[PDB]
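Novice: Below is a structure I'd like to ask you about.
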Amino acid sequence: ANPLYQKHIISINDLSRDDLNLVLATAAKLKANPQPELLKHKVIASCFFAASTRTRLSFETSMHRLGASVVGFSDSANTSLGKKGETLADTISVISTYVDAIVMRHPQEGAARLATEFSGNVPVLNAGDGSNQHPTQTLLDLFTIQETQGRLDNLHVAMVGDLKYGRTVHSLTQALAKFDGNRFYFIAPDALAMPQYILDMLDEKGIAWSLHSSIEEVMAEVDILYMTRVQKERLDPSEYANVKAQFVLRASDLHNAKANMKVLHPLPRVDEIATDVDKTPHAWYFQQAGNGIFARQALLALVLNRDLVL
Amino acid sequence: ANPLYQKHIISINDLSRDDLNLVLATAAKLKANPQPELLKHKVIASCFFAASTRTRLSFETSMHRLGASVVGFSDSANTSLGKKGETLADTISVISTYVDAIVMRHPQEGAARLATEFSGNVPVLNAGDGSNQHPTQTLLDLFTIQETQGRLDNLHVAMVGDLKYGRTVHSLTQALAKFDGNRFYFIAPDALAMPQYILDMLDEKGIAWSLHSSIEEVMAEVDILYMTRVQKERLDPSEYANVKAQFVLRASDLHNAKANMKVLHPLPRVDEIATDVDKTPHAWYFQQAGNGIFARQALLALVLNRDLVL
Amino acid sequence: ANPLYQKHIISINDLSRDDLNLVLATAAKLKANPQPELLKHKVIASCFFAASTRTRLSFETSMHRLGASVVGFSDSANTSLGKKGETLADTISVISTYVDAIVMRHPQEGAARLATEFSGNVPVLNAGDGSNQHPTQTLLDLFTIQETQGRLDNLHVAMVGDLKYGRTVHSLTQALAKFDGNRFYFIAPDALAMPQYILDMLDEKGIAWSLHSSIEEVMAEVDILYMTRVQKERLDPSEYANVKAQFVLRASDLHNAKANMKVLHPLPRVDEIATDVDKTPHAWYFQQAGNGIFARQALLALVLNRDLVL
Amino acid sequence: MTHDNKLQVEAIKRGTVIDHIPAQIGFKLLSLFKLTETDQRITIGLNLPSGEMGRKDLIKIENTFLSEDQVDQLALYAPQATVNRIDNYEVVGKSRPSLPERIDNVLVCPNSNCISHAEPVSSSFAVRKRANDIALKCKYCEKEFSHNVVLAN
Amino acid sequence: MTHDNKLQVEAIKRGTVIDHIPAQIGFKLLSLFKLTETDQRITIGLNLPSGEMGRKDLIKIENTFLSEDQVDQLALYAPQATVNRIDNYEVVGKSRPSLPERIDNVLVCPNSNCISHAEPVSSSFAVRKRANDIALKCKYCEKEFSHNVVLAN
Ligand SMILES: O=C(O)C[C@H](NC(=O)CP(=O)(O)O)C(=O)O
Ligand SMILES: O=C(O)C[C@H](NC(=O)CP(=O)(O)O)C(=O)O
Ligand SMILES: O=C(O)C[C@H](NC(=O)CP(=O)(O)O)C(=O)O
Ligand SMILES: [Zn+2]
Ligand SMILES: [Zn+2]
């Protein structure tokens with residue numbers, strides 16, 4: 001069987017470069033020749049306890065694009081958990097008895113963890129658990145970074161926006177820190193700063209990272225500019241000074257931009273990026289979005305198929 | 001054609017032991033060798049006017065697990081009924097013109113009845129209509145009772161919880177009362193007591209039944225312990241003294257338990273059962289949950305296929 | 001000085017027969033010989049943290065009847081306690097520095113007492129603290145009973161309705177227990193019976209009370225039929241079973257009643273007293289409401305005036 | 001005139017010595033009195049025996065002396081408990097807790113709608129013996145509860 | 001086997017002996033791993049000066065036997081103390097609280113949006129040698145915190 005077979009993809013901390021590399025490979029493979037019937041007969045649950053456009057929709061297309069059938073929900077408000085005071089665990093307890101895999105997004109952290117405790121044999125895929133992880137996001141990210149840069153080692157990577165609450169940057173910093181010679185520049189409001197525990201990891205790994213007070217000076221030496229919206233919904237009222245984006249990026253800012261540099265964004269964006277950028281070629285967030293199919297597919301493929309995909 | 005072909009499954013009062021027995025049989029059959037394509041080309045509507053996790057999800061998996069395609073809704077709030085003042089009947093009137101069968105859950109009683117008046121040829125499956133019926137629930141129940149006891153006649157069956165408002169126990173009491181030598185013990189708050197009309201049926205049938213004031217003394221002579229959550233949402237403000245569960249069951253209570261005895265619960269449970277039970281082997285409600293596939297499948301199969309399933 | 005000069009009238013349990021008799025006697029004198037300017041130059045605070053029609057207004061009229069000036073609030077919502085978040089302790093602490101006495105009605109029990117601990121030498125008067133004490137009620141009541149019966153001993157008094165949350169009858173019962181040979185019949189729904197500690201005094205004082213499941217058991221017995229309102233605002237959800245009048249008085253149930261008998265009611269009444277009673281010469285609720293003026297002046301006079309001579 | 005019978009004693013030179021403490025109330029005491037803060041060596045006999053009193057908790061506090069009110073609320077917790085004052089290795093003082101009149105600052109009025117919760121004041125109940133239990137009347141709400149219930153705060 | 005100055009039968013045939021507990025730490029431990037929720041003859045010595053340790057708390061249970069895991073857990077509050085496996089009155093083994101892998105049930109994740117609160121599951125942190133202290137990583141939320149800021153049940 002393949003390494004990720006019947007495995008729970010919960011946090012990026014539990015994956016290896018080999019793991020990462022494998023999904024990628026398989027993504028690039030399926031992107032070339034699709035396997036429309038690879039997962040027929042399978043039924044996957046799309047459980048969203050939290051809001052999503054991209055993550056939920058891209059995942060469901062993936063499942064259909066592989067002959068799999070889909071059941072689940074976009075809102076817990078109509079679940080017995082929603083209206084009958086059920087517990088998430090019991091929820092997962094019954095659901096594990098129906099389907100072959102569980103994709104879930106949830107407002108609190110370690111929610112996916114929790115679920116594996118009751119999921120049984122049925123593998124659990126975290127579509128985002130609070131401020132914590134967002135692994136499937138990372139995978140499309142990496143796929144995109146590699147698409148446009150040719151490598152995942154030795155990059156100049158600038159992460160702007162909300163990093164304290166950005167599950168997106170939580171995972172992905174962990175992910176390229178598994179690669180070598182990666183320069184991390186961090187531009188964040190002092191309260192939406194990056195959490196200690198991610199920096200330490202960087203320290204011990206000897207990976208270099210340096211705070212910055214503006215996009216202006218990182219802008220000449222960066223391959224990747226990962227922009228993030230301020231996680232407004234997870235904000236504490238004592239942080240509501242920071243609800244408006246400190247760092248907005250317009251086309252003007254990109255003159256000095258390396259010709260190879262791309263702008264990335266988990267999406268969605270509110271004002272941290274101006275539509276003029278949309279015209280320019282460093283802009284890659286919509287292509288970035290399109291890549292989620294492939295990664296999610298690859299992943300699905302691997303987790304559900306023992307024998308390494310043809 | 002098979003007996004239940006093109007038939008509306010609305011209330012258990014309209015089924016016979018032969019009927020029951022047939023679904024069962026077919027459940028046990030499909031559970032052994034599945035028919036992934038048995039219902040392809042068919043489209044079934046999943047209409048939930050009411051909340052559900054188990055019932056809705058298990059049904060939809062069933063349909064997919066038989067090659068059927070599914071359309072419908074989890075909330076009426078977005079239906080034209082929901083926002084344009086449409087009538088349920090007209091609702092059913094249009095929907096009958098699109099699909100092959102209709103699964104519906106609804107906040108009021110005889111709602112499924114109503115629908116058959118407009119459904120036309122298209123058979124209607126009640127996923128719960130108020131305090132009234134819950135037939136598909138009963139079917140998985142029976143399947144489970146038989147699974148674990150070997151029979152449906154001559155059982156000691158204890159129904160605890162809300163029975164006044166428990167559509168779950170409404171149907172199922174009616175169902176084993178179609179069987180012989182069934183001992184019914186009823187443990188309920190005096191206001192959430194079991195309705196007269198179910199007892200009379202029992203009287204005339206000569207089936208025996210006896211109220212009890214505690215689990216404690218029924219506990220030694222019972223094969224099945226059917227626990228139920230207090231139907232809090234259907235409660236009248238003059239019954240809100242009874243919103244908290246009177247009878248909680250913990251592992252401690254099961255020493256005297258017959259070695260064969262199982263605990264059953266329609267789900268969900270809030271505090272009427274304590275998680276310690278979850279460890280013990282009389283606990284069967286999560287296995288009970290898993291059985292809903294088979295029954296729902298069997299049913300779907302029968303209602304939609306003239307020729308008795310291979 | 002008089003025994004009441006400068007005293008806090010918080011609980012009936014803190015006054016004696018002679019204290020009571022004193023007030024009824026002044027009440028009596030003032031009702032015939034008015035003192036237009038008795039409390040002239042005095043400034044009193046009318047602080048209602050809870051709704052009142054009779055108590056607040058009657059009090060304020062009494063004040064003006066005595067030439068005192070009034071100042072206060074009908075509601076806590078626009079106080080700095082209501083919006084800025086001031087403690088009641090601080091609240092009584094500054095108001096006590098302004099005015100000559102404090103009339104207080106409060107939704108929580110004991111609010112009355114705590115004020116005295118902050119009002120300094122400024123007397124505080126309980127217009128009602130939760131379902132604890134309604135002392136001023138008992139006074140106009142005593143007065144009213146006296147006026148109709150000509151005594152306050154060896155009476156046959158019925159106490160119907162919410163007795164558990166009825167602050168008016170908590171206070172009225174300790175007051176009549178100070179007199180001789182009174183006979184108490186308590187008619188109230190179990191959820192709302194006379195609190196134990198109250199009966200504990202009765203028993204422990206050698207007084208004869210008795211509980212009755214109806215009004216008509218005592219109708220030709222009792223001298224005073226004290227009706228009370230269900231305190232739905234203080235009700236517990238579990239007690240919501242009982243929000244409707246269980247014993248309602250009709251002008252026909254009075255048919256066998258003693259001719260000297262009078263129907264009292266602290267007011268307001270919802271449906272526990274039929275409007276047809278209003279006409280009957282037993283109906284006495286509205287007259288007693290009137291006597292609030294006299295008992296209340298009476299009170300005001302004794303506290304703010306060292307030596308009254310009428 | 002010296003040490004006890006069973007074989008685990010360490011008599012202090014001066015200090016209080018609470019004995020006869022009913023089972024598993026020896027640790028409650030230790031906490032609900034803040035005698036773990038001090039420096040003075042403390043000796044704690046948990047689940048000690050008795051034969052006739054069964055298991056007993058005993059507290060030996062060296063050089064500390066129980067407040068004359070602190071023993072008054074201990075009157076409630078361990079009524080069967082005894083307190084030995086000790087000076088120069090000897091039981092110089094002998095007291096026993098009788099039920100005080102009213103107790104304050106420690107109990108919580110079980111009546112939710114009691115002002116005492118919301119407002120900043122010190123509790124206070126009146127301690128009157130019924131027949132089978134002490135009843136406590138909250139000084140504010142004037143409700144009376146049995147010491148068993150007011151002992152849940 | 002306690003040495004000189006007066007008497008102390010704080011020594012049994014069977015049981016465990018938590019020697020050398022840093023002062024004040026004694027009380028905590030008793031609650032945290034709930035070592036008093038037994039019925040065996042416990043004896044606790046608070047702040048009793050010794051020598052090596054100016055003032056060392058100290059606990060011993062009769063007939064009770066610490067687990068290699070249960071033991072280790074003490075390495076967070078008293079890693080420099082000594083367990084003694086007392087059997088037939090003589091020391092069979094002298095152990096020390098060594099830092100453990102992770103600390104399941106008795107530690108509440110300080111993260112409010114942690115799922116470990118709502119749902120019925122046992123708490124759990126991985127333990128780590130940060131710099132001048134231990135770091136605690138919630139099993140669920142994946143947030144790690146000082147062993148000084150995390151609180152426990
Ligand atoms: O919230 C964001 O801004 C980033 C991120 N968003 C995405 O996954 C895209 P979507 O919410 O449509 O699935 C997430 O963490 O939710
Ligand atoms: O309500 C219940 O407790 C029992 C019963 N529940 C079930 O059918 C499970 P669910 O609501 O997830 O479909 C029902 O009558 O709704
Ligand atoms: O509320 C009642 O039913 C009885 C009593 N009512 C009165 O005092 C009359 P009012 O609320 O107008 O002052 C009370 O204790 O508030
Ligand atoms: Zn109180
Ligand atoms: Zn956590």
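Residues are referred to by chain and number: the chain letter is A, B, ... according to the order shown in the structure tokens, the number counts from 1 in that chain, and ligands are numbered separately from 1 in the order shown.
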Which chain E residues have any atom within 7 Å of an atom of ligand 5, and for each, what is the nearest pair of atoms with distance in Å to one decimal, counting only C-alpha atoms and all ligand atoms, rows sorted by chain and number, as JSON lines?
Specialist:
```
{"residue": "E:109", "atom": "CA", "partner": "ligand 5", "partner_atom_place_in_ligand_line": "1 (Zn)", "distance": 4.6}
{"residue": "E:110", "atom": "CA", "partner": "ligand 5", "partner_atom_place_in_ligand_line": "1 (Zn)", "distance": 6.8}
{"residue": "E:111", "atom": "CA", "partner": "ligand 5", "partner_atom_place_in_ligand_line": "1 (Zn)", "distance": 5.2}
{"residue": "E:114", "atom": "CA", "partner": "ligand 5", "partner_atom_place_in_ligand_line": "1 (Zn)", "distance": 4.4}
{"residue": "E:115", "atom": "CA", "partner": "ligand 5", "partner_atom_place_in_ligand_line": "1 (Zn)", "distance": 6.8}
{"residue": "E:116", "atom": "CA", "partner": "ligand 5", "partner_atom_place_in_ligand_line": "1 (Zn)", "distance": 6.2}
{"residue": "E:138", "atom": "CA", "partner": "ligand 5", "partner_atom_place_in_ligand_line": "1 (Zn)", "distance": 4.4}
{"residue": "E:139", "atom": "CA", "partner": "ligand 5", "partner_atom_place_in_ligand_line": "1 (Zn)", "distance": 6.5}
{"residue": "E:140", "atom": "CA", "partner": "ligand 5", "partner_atom_place_in_ligand_line": "1 (Zn)", "distance": 5.1}
{"residue": "E:141", "atom": "CA", "partner": "ligand 5", "partner_atom_place_in_ligand_line": "1 (Zn)", "distance": 4.0}
{"residue": "E:142", "atom": "CA", "partner": "ligand 5", "partner_atom_place_in_ligand_line": "1 (Zn)", "distance": 6.2}
{"residue": "E:143", "atom": "CA", "partner": "ligand 5", "partner_atom_place_in_ligand_line": "1 (Zn)", "distance": 6.1}
```
Novice: Output N, CA and C atoms for every residue in that selection, as a PDB file, in the first residue's frame.
Specialist:
```pdb
ATOM      1  N   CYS E 109      -6.285  22.534  28.989  1.00  0.00           N
ATOM      2  CA  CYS E 109      -5.805  23.382  27.903  1.00  0.00           C
ATOM      3  C   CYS E 109      -6.276  24.810  28.135  1.00  0.00           C
ATOM      4  N   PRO E 110      -5.341  25.749  28.201  1.00  0.00           N
ATOM      5  CA  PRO E 110      -5.708  27.145  28.446  1.00  0.00           C
ATOM      6  C   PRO E 110      -6.405  27.791  27.251  1.00  0.00           C
ATOM      7  N   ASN E 111      -6.335  27.166  26.081  1.00  0.00           N
ATOM      8  CA  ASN E 111      -6.975  27.663  24.862  1.00  0.00           C
ATOM      9  C   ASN E 111      -8.492  27.506  24.928  1.00  0.00           C
ATOM     10  N   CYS E 114     -10.396  25.597  22.296  1.00  0.00           N
ATOM     11  CA  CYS E 114      -9.962  24.207  22.189  1.00  0.00           C
ATOM     12  C   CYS E 114     -11.195  23.306  22.285  1.00  0.00           C
ATOM     13  N   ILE E 115     -11.243  22.271  21.459  1.00  0.00           N
ATOM     14  CA  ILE E 115     -12.391  21.371  21.402  1.00  0.00           C
ATOM     15  C   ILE E 115     -12.459  20.492  22.647  1.00  0.00           C
ATOM     16  N   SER E 116     -11.341  20.377  23.349  1.00  0.00           N
ATOM     17  CA  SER E 116     -11.151  19.541  24.521  1.00  0.00           C
ATOM     18  C   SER E 116     -12.040  19.935  25.697  1.00  0.00           C
ATOM     19  N   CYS E 138      -0.973  21.127  23.715  1.00  0.00           N
ATOM     20  CA  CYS E 138      -2.270  20.470  23.718  1.00  0.00           C
ATOM     21  C   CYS E 138      -2.382  19.467  22.570  1.00  0.00           C
ATOM     22  N   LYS E 139      -2.852  18.274  22.909  1.00  0.00           N
ATOM     23  CA  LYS E 139      -2.984  17.234  21.902  1.00  0.00           C
ATOM     24  C   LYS E 139      -3.811  17.718  20.716  1.00  0.00           C
ATOM     25  N   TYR E 140      -4.853  18.483  21.023  1.00  0.00           N
ATOM     26  CA  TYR E 140      -5.853  18.887  20.050  1.00  0.00           C
ATOM     27  C   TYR E 140      -5.523  20.142  19.263  1.00  0.00           C
ATOM     28  N   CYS E 141      -5.640  21.281  19.925  1.00  0.00           N
ATOM     29  CA  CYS E 141      -5.430  22.592  19.325  1.00  0.00           C
ATOM     30  C   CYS E 141      -4.009  22.773  18.798  1.00  0.00           C
ATOM     31  N   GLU E 142      -3.062  21.997  19.308  1.00  0.00           N
ATOM     32  CA  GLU E 142      -1.672  22.042  18.878  1.00  0.00           C
ATOM     33  C   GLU E 142      -0.926  23.286  19.342  1.00  0.00           C
ATOM     34  N   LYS E 143      -1.516  23.992  20.295  1.00  0.00           N
ATOM     35  CA  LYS E 143      -0.921  25.178  20.894  1.00  0.00           C
ATOM     36  C   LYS E 143      -0.054  24.754  22.073  1.00  0.00           C
TER      37      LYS E 143
END
```
Novice: I want to know what sits within 12 Å of residue 272 of chain B, based on only C-alpha atoms, with residues of the same chain fewer than 4 positions away left out; could you give that as a list in words?
Specialist: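 Contacts, in chain order: residues 160, 161, 162, 215, 226, 227, 228, 229, 230, 243, 244, 245, 246, 247, 248, 249, 250, 263, 264, 265, 267, 268, 276 and 277 of chain B.
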Novice: Computed after least-squares fitting of chain D to chain E on all C-alpha atoms in order, what is the RMSD in Å?
Specialist: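 Between chain E and chain D, the C-alpha RMSD is 2.0 Å.
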Novice: What lies within 9 Å of segment 219-224 of chain C using only C-alpha atoms, ignoring chain neighbours under 6 positions off, as a count of residues only?
Specialist: 22
Novice: Just list the residues in segment 67-203 of chain B DSSP gives alpha helix (DSSP H) on the backbone, as a ChimeraX atom specification.
Specialist: /B:80-84,88-96,111-119,135-149,167-176,196-203
Novice: Dump as a PyMOL selection string the residues of chain B that approach chain C to within 8 Å, counting only C-alpha atoms.
Specialist: chain B and resi 237-242
Novice: For ligand 2, return the neighbouring residues as a PyMOL selection string (distance at most 8 Å; only C-alpha atoms and all ligand atoms).
Specialist: (chain A and resi 79-80+84) or (chain B and resi 51-57+127-128+130-131+134+137+166-168+228-231+266-269)
Novice: Which residues of chain E are close to chain D, meaning at most 7 Å apart when you count only C-alpha atoms, and how do they look as JSON, numbers by chain?
Specialist: {"E": [7, 8, 9, 10, 39, 40, 41, 42, 43, 44, 45, 46, 47, 48]}
Novice: Atom CA of residue 138 of chain C and atom CA of residue 172 of chain C, how far apart in Å?
Specialist: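 If I compute the distance from atom CA of residue 172 of chain C to atom CA of residue 138 of chain C, I get 4.9 Å.
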Novice: Write out as a CSV table (one decimal) with N, CA and C atoms, in the first residue's frame all residues of segment 1-151 of chain E that DSSP puts in strand (DSSP E) for this structure's backbone.
Specialist:
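As a result, result-v8.csv now contains:
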```csv
chain,number,residue,atom,x,y,z
E,14,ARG,N,4.2,-1.4,54.5
E,14,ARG,CA,3.8,-1.3,53.1
E,14,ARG,C,3.4,0.1,52.7
E,15,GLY,N,3.8,0.5,51.5
E,15,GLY,CA,3.4,1.9,51.0
E,15,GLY,C,4.5,2.5,50.2
E,16,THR,N,4.3,3.8,49.9
E,16,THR,CA,5.2,4.6,49.1
E,16,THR,C,5.6,5.9,49.8
E,17,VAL,N,6.8,6.3,49.6
E,17,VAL,CA,7.3,7.5,50.3
E,17,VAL,C,7.9,8.6,49.5
E,18,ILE,N,7.1,9.6,49.3
E,18,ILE,CA,7.6,10.8,48.5
E,18,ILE,C,8.5,11.7,49.3
E,19,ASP,N,9.8,11.3,49.3
E,19,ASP,CA,10.8,12.1,50.0
E,19,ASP,C,11.1,13.4,49.3
E,20,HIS,N,11.6,14.4,50.0
E,20,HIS,CA,12.2,15.6,49.4
E,20,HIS,C,11.2,16.3,48.5
E,21,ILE,N,10.0,16.7,49.0
E,21,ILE,CA,9.2,17.6,48.2
E,21,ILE,C,9.3,19.0,48.6
E,22,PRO,N,9.7,19.8,47.6
E,22,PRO,CA,9.8,21.3,47.8
E,22,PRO,C,8.6,21.9,48.5
E,43,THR,N,-0.1,9.6,55.7
E,43,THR,CA,0.5,10.5,56.7
E,43,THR,C,1.3,11.6,55.9
E,44,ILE,N,1.0,12.8,56.1
E,44,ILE,CA,1.6,13.9,55.4
E,44,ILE,C,2.3,14.9,56.4
E,45,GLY,N,3.6,15.2,56.0
E,45,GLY,CA,4.4,16.1,56.8
E,45,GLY,C,4.7,17.4,56.0
E,46,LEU,N,4.1,18.5,56.4
E,46,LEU,CA,4.3,19.8,55.7
E,46,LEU,C,5.4,20.6,56.4
E,47,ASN,N,6.2,21.2,55.5
E,47,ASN,CA,7.3,22.1,55.9
E,47,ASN,C,8.2,21.6,56.9
E,48,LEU,N,8.4,20.3,57.1
E,48,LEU,CA,9.3,19.8,58.1
E,48,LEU,C,10.7,19.9,57.8
E,56,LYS,N,11.4,20.7,53.7
E,56,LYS,CA,10.8,19.8,52.7
E,56,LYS,C,9.5,19.2,53.0
E,57,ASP,N,8.5,19.4,52.2
E,57,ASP,CA,7.2,18.8,52.3
E,57,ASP,C,7.4,17.3,52.2
E,58,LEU,N,6.4,16.4,52.6
E,58,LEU,CA,6.7,15.0,52.4
E,58,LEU,C,5.4,14.2,52.6
E,59,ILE,N,5.2,13.2,51.7
E,59,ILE,CA,4.0,12.4,51.8
E,59,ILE,C,4.3,10.9,51.8
E,60,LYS,N,3.5,10.1,52.4
E,60,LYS,CA,3.6,8.6,52.4
E,60,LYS,C,2.2,8.0,52.5
E,61,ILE,N,2.0,7.0,51.7
E,61,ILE,CA,0.7,6.3,51.7
E,61,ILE,C,0.9,4.8,52.2
E,62,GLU,N,-0.1,4.3,53.0
E,62,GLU,CA,0.1,2.9,53.4
E,62,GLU,C,-0.5,1.9,52.4
E,82,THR,N,12.4,12.1,45.8
E,82,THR,CA,12.7,10.6,45.8
E,82,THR,C,11.5,9.8,46.2
E,83,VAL,N,11.1,8.8,45.4
E,83,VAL,CA,10.1,7.8,45.7
E,83,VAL,C,10.8,6.6,46.4
E,84,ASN,N,10.2,6.1,47.4
E,84,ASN,CA,10.7,4.9,48.0
E,84,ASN,C,9.7,3.8,48.0
E,85,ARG,N,10.0,2.7,47.4
E,85,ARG,CA,9.2,1.5,47.3
E,85,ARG,C,9.4,0.7,48.6
E,86,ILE,N,8.6,1.1,49.6
E,86,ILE,CA,8.8,0.4,50.9
E,86,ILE,C,7.9,-0.9,51.0
E,87,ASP,N,8.6,-2.0,51.1
E,87,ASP,CA,8.0,-3.3,51.3
E,87,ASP,C,8.6,-4.0,52.5
E,90,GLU,N,11.4,-2.4,54.6
E,90,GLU,CA,12.7,-2.0,54.1
E,90,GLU,C,12.6,-1.5,52.6
E,91,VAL,N,13.3,-0.5,52.3
E,91,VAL,CA,13.4,0.1,51.0
E,91,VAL,C,13.8,-0.9,49.9
E,92,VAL,N,12.9,-1.2,49.0
E,92,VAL,CA,13.2,-2.1,47.9
E,92,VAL,C,13.7,-1.4,46.7
E,93,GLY,N,13.4,-0.1,46.5
E,93,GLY,CA,13.8,0.7,45.4
E,93,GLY,C,13.7,2.2,45.6
E,94,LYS,N,14.7,2.9,45.2
E,94,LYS,CA,14.7,4.4,45.3
E,94,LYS,C,14.6,5.0,43.9
E,95,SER,N,13.5,5.7,43.6
E,95,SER,CA,13.3,6.3,42.3
E,95,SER,C,13.2,7.8,42.4
E,102,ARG,N,4.1,12.7,27.8
E,102,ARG,CA,3.0,13.6,27.8
E,102,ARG,C,2.1,13.4,29.0
E,103,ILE,N,1.3,14.3,29.4
E,103,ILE,CA,0.5,14.3,30.6
E,103,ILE,C,-1.0,14.3,30.3
E,104,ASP,N,-1.5,13.0,30.1
E,104,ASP,CA,-3.0,12.8,29.9
E,104,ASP,C,-3.7,13.3,31.1
E,124,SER,N,-4.7,16.4,27.3
E,124,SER,CA,-3.5,15.8,26.9
E,124,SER,C,-2.5,16.8,26.3
E,125,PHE,N,-1.3,16.9,26.9
E,125,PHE,CA,-0.2,17.7,26.5
E,125,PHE,C,1.0,16.9,26.3
E,126,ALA,N,1.8,17.2,25.3
E,126,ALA,CA,3.2,16.6,25.2
E,126,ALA,C,4.1,17.5,26.0
E,127,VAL,N,5.1,16.9,26.7
E,127,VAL,CA,6.0,17.7,27.5
E,127,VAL,C,7.3,18.0,26.8
E,128,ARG,N,7.9,19.1,27.1
E,128,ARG,CA,9.2,19.4,26.4
E,128,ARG,C,10.1,20.3,27.2
E,129,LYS,N,11.4,20.1,27.1
E,129,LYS,CA,12.4,20.9,27.6
E,129,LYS,C,12.7,22.1,26.8
E,134,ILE,N,9.7,23.6,31.2
E,134,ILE,CA,8.9,22.7,30.4
E,134,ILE,C,7.8,23.4,29.6
E,135,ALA,N,7.7,22.9,28.3
E,135,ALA,CA,6.6,23.4,27.4
E,135,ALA,C,5.5,22.3,27.2
E,136,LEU,N,4.3,22.8,27.1
E,136,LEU,CA,3.1,21.9,27.1
E,136,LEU,C,2.3,22.1,25.8
E,137,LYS,N,2.1,21.1,25.0
E,137,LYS,CA,1.5,21.2,23.7
E,137,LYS,C,0.1,20.4,23.8
E,138,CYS,N,-1.0,21.1,23.7
E,138,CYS,CA,-2.3,20.5,23.7
E,138,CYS,C,-2.4,19.5,22.6
E,144,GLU,N,1.2,25.2,22.2
E,144,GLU,CA,2.0,24.8,23.3
E,144,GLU,C,2.3,26.0,24.2
E,145,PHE,N,2.3,25.7,25.5
E,145,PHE,CA,2.4,26.6,26.6
E,145,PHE,C,3.3,26.1,27.8
E,146,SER,N,3.9,27.1,28.4
E,146,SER,CA,4.7,26.9,29.6
E,146,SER,C,4.1,26.0,30.6
```
Novice: May I have the residues within 10 Å of residue 207 of chain A as a ChimeraX atom specification, using only C-alpha atoms and disregarding those fewer than 2 positions away in the same chain?
Specialist: /A:176-184,199-205,209
Novice: Find the spatial neighbours of residue 152 of chain E, counting only C-alpha atoms, within a cut-off of 10 Å - ignore same-chain residues fewer than 5 positions away - and output them as JSON, numbers by chain.
Specialist: {"E": [32, 105, 106, 107, 108, 109, 110, 123]}
Novice: What is the distance, in Å and to one decimal place, between atom CA of residue 66 of chain C and atom CA of residue 23 of chain C?
Specialist: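 Atom CA of residue 66 of chain C sits 15.7 Å away from atom CA of residue 23 of chain C.
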Novice: Excluding same-chain residues fewer than 6 positions from residue 126 of chain A, what lies within 8 Å of it counting only C-alpha atoms, as an MDAnalysis selection string?
Specialist: chainID A and resid 9:11 103:105 112 133:136
Novice: Output the contact residues of chain C with respect to chain D at a cut-off of 10 Å, based on only C-alpha atoms, as a PyMOL selection string.
Specialist: chain C and resi 11+13+87-90+106-114+117+129-133+195-198+200+234
